[PDB]
Amino acid sequence: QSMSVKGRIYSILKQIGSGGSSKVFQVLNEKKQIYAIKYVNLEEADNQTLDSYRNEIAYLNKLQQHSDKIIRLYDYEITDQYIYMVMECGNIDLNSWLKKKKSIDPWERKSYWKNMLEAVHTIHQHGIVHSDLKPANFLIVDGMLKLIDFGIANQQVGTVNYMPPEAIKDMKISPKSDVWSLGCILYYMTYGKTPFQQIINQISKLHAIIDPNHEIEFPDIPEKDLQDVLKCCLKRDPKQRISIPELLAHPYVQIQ
Ligand SMILES: CCc1cccc(CC)c1NC(=O)c1ccn2c1CCc1cnc(Nc3ccc(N4CCN(C)CC4)cc3OC)nc1-2
Ligand code: NA
């Protein structure tokens, strides 16, 4: 069927995403251009939730100017009952793309890493720490990764494999928390698994993540600089962990 957003009509092609009280659709407009529309049902949303949604939308809209590695938001319509967000349509998200992948071109890997650093660096410059980065948060669009969201709105889901030690100990969050998560993503793109994927029991997995006696294996590989990045991102002490500005000057992303 169909949808109107700010007095413009969009034909639905198919659903491509879901999240409790939200759906994402591939759609075509009047000019037969393709877009993604994110729909959010507001019926059962408390005031804090509603405010978390408005806040994420405002940052997405603002950070449009600041980096092309953040997904495009062209328009939106917001009422008491719903939100419609007209966004860039991507080819596919990074989690799905990696899951149907035997191995990765080192060049493609390096190029995706750069994109991830750029996007996350950008949000950090505006005071935002995402704190739940996973491959699902990145969208492949025209051979590029774009960050889809900022971790601000309330709510594969609840996965613990990318969660840094300091997030587990809380019961503090800094930009370094996102570096760990990014490091888990790159480690996955390098070795085909997250660093604690072996441990099936979640409580053991949590205990391994915070245990400095538990050594994370970094098997040798051709690219020594890649191995070094992974070691530097996956320091349990956030004050010992490499920062994003430092990762952008690392030989892994700069050399050749
Ligand atoms: C993790 C981020 C997040 C946080 C909170 C709420 C949502 C909404 C569920 C979301 N997810 C999103 O907003 C999503 C999920 C997918 N997309 C978005 C935002 C806009 C968007 C734009 N293009 C796409 N392209 C796209 C992604 C995956 C696929 N898939 C390929 C087919 N396969 C079976 C898996 C899904 C196909 C696509 O386009 C054809 N996806 C999204
Ligand atoms: Na979010």
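Here the sequence shown stands for residues 516 to 670, 683 to 698, 710 to 794, numbered as in the authors' numbering.
Using N, Cα and C, we set each Cβ at its ideal position, and we do this for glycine too.
Consider the C-beta atom of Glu-603 and the heavy atoms of ligand 1; say whether any pair is separated by less than 8 angstroms.
Correct: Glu-603 has its Cβ closer than 8 angstroms to ligand 1.
Would you say the beta carbon of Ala-668 is closer than 8 angstroms to some non-hydrogen atom of ligand 2?
Under cutoff, so the answer is yes.
Where do the N-terminal and C-terminal ends of the beta strand (DSSP E) with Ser-517 fall, by residue?
From DSSP, the beta strand (DSSP E) with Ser-517 extends over 517 to 520.
Between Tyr-790, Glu-559, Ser-533 and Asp-697, which has its C-alpha nearest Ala-551's C-alpha?
Comparing Cα positions, the closest option is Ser-533.
With the cut-off set at 9 angstroms, would you say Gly-605 and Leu-662 are in Cβ contact?
Not closer than 9 angstroms, so no.
Is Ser-646 near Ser-719, with beta carbons less than 9 angstroms apart?
Yes, the pair counts as a contact, with Cβ atoms nearer than the cut-off.
Give the single residue among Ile-524, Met-518, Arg-587 and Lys-773 whose Cα lies nearest to the Cα of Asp-749.
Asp-749 has its Cα closest to that of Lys-773, out of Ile-524, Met-518, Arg-587 and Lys-773.
Mind pulling the beta strand (DSSP E) runs of 3 or more residues that sit fully within the stretch 580 to 660?
Qualifying beta strand (DSSP E) stretches, in chain order: 588 to 593, 597 to 602 and 653 to 656.
Can you give me the Cβ contacts of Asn-544 inside the same chain, cut-off strictly under 6 angstroms, excluding the 5 residues immediately before and after it?
Correct list, in chain order: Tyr-525.
Quick check: is any heavy atom of ligand 1 less than 8 angstroms from the C-beta of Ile-531?
It does: the Cβ of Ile-531 is within 8 angstroms (strictly closer) of some heavy atom of ligand 1.
Among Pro-757, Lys-584 and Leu-557, which one has its Cα closest to the Cα of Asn-669?
Closest by alpha carbon: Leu-557.
Is it right to say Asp-561 is buried, meaning 16 or more other beta carbons lie within 10 angstroms of its own, or is it exposed?
By the 10 Å Cβ count, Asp-561 comes out exposed.
State yes or no: is the C-beta of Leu-660 within less than 9 angstroms of the C-beta of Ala-634?
In contact: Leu-660 and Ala-634 (Cβ atoms closer than 9 angstroms).
Between the Cα of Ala-787 and the Cα atoms of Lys-777, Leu-528 and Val-767, which residue gives the shortest distance?
Out of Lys-777, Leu-528 and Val-767, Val-767 has the C-alpha closest to the C-alpha of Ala-787.
Considering only their Cβ atoms, is the gap separating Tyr-568 from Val-555 smaller than 9 angstroms?
Yes, these two residues count as a Cβ contact at 9 angstroms.
Where does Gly-535 land, buried or exposed, given buried means 16+ other C-beta within 10 angstroms?
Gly-535 should be labelled exposed.
Give me, in chain order, the residues of the same chain whose beta-carbon lies closer than 7 angstroms to that of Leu-744; leave out the 5 immediate sequence neighbours on both sides.
Answer for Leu-744: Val-687 and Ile-695, listed in chain order.
Using a Cβ-Cβ cut-off of 7 angstroms (strictly less than) and excluding sequence neighbours within five positions of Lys-521, which residues of its own chain qualify?
Here the set comprises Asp-590 and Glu-592.
Does the beta-carbon of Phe-653, which I'm using as the reference point, lie nearer than 8 angstroms to any heavy atom of ligand 2?
Not so, every heavy atom of ligand 2 lies at least 8 angstroms from the Cβ.
How would you write the range of the beta strand (DSSP E) that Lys-762 sits in, first residue to last?
From DSSP, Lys-762 is part of no beta strand (DSSP E) but of the alpha helix (DSSP H) over 762 to 771.
Whose C-beta lies closer than 7 angstroms to the C-beta of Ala-746 among residues of the same chain, with five residues either side of it excluded?
The residues are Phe-734, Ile-737 and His-752.
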